[PDB]
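So the chains spell out like this:
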Amino acid sequence: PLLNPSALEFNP
Amino acid sequence: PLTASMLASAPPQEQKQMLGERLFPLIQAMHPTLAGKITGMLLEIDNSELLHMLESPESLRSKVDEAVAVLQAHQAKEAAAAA
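Residues numbered from 1 in each chain as written, not as in the entry; some residues may be left out. Chains lettered and ligands numbered in written order. Heavy atoms only, no water.

For this deposition, the record names X-ray crystallography as the technique by which the model was determined and cites 1.9300 Å as its resolution.

What follows is the structure, encoded as structure tokens:
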């Protein structure tokens, strides 16, 4: 469905 | 320019890293404080969708609007639980 608010942050 | 063919030879975690490095600066130009979180949320989707968003600025902008609304929803959910 919608994006996941608990996704891990990306660090570049 | 990042293409399907450049991704294809890399292991899946490296593929997500390469997409991340291209998406992050665009997302950071939109929402500097949320860029790491929003990039992380977008990287969960299919690599084909992510390549499309690097080629279509209007698609990326709408998907970032979806991520911002999803974060707002989650903050409201937590505030409802605490009240």
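Peer 1: Any chance you could explain the interface of chain A and chain B here in plain terms?
Peer 2: At the interface, eleven residues of chain A touch 19 residues of chain B. Roughly 1300 Å² of surface becomes buried between chain A and chain B when both sides are summed, with 69% attributable to carbon and sulfur atoms. Its largest share of buried area at the contact with chain B, chain A owes to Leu3, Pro5 and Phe10 of chain A, together 60% of the area lost on that side. Our count for the chain A to chain B interface comes out at zero salt bridges. Inspection of the chain A/chain B interface yields five residue pairs in polar contact. Looking at the side of chain A that touches chain B residue by residue, the classes come out as seven nonpolar, three polar and one charged. (Contact = heavy atoms within 4.5 Å. Buried area = accessible area lost by both parts, 1.4 Å probe. Salt bridge = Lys/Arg side-chain N within 4 Å of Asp/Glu carboxyl O. Polar contact = N/O pair within 3.5 Å; in protein donor to acceptor, adjacent residues only side chain to side chain. Nonpolar A, V, L, I, M, F, W, Y, C, P; charged D, E, K, R; others polar.)

Peer 1: Looking at this structure, how should I read helix α3 (residues 35-43) of chain B?
Peer 2: Two residues of an α-helix separated by three or four positions point the same way, owing to the 3.6 residues in each turn. Residue and element names in this part refer to chain B. Burial analysis of α3 places nine of its nine residues in the buried class, the great majority of the element. Among the residues making up α3, those that are buried are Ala35, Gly36, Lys37, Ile38, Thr39, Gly40, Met41, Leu42 and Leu43. Residues of α3 that are buried sit in contact with α2 (12-30), α4 (47-55) and α5 (57-82). (Buried < 20%, exposed > 50% of the residue type's maximum accessible area, 1.4 Å probe, protein only. Helix = DSSP H or I, 4+ residues; strand = E, 2+ residues; numbered from the N terminus.)

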